[PDB]
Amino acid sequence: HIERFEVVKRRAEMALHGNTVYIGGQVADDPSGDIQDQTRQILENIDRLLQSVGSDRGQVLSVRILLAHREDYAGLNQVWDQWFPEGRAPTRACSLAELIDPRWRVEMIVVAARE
């Protein structure tokens, strides 16, 4: 009784297992912009996915952040550090990575809870 969302042959965007939510690699739908813009797009899409299963921004457990360029780290954090409800930031791990599309400045992978 795994529930899946936005499913194609290649992937589900999201899978729910009991009360645990898995969200696969998230990138900006419009990767033409800067790190701040792409970060915001990804976080907003995460908001939308979470709301669709009865979760929310305060229920995130872990985020893996794959960052394309070191120079973008401050801009990533500018958006991220203002985002989560007070005292409810998830665990986080950010490193540099080579992503499939050279336009992507960042990719996130998420585990969350659903009450």
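We number the residues from 1 along the sequence you see.
Mean C-alpha B-factor comparison - 71 to 79 and 84 to 92, higher one
Higher of the two, by average CA B-factor, is 71 to 79.
Mean temperature factor over C-alpha atoms, higher-scoring stretch between 60 to 68 and 47 to 55
Comparing 60 to 68 with 47 to 55, the higher mean C-alpha B-factor belongs to 47 to 55.
Among the modelled residues of its chain, does the C-alpha B-factor of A97 lie in the lowest, middle or highest third?
Top third by C-alpha B-factor.
For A113, return the chain-relative third of its C-alpha B-factor as stated in the PDB record: lowest, middle or highest.
It belongs to the middle third of the chain when residues are ordered by C-alpha B-factor.
Sorting the chain's modelled residues by C-alpha B-factor, tell me whether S32 ends up in the lowest, middle or highest third.
Its C-alpha B-factor, which the entry lists for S32, ranks in the highest third among residues of this chain.
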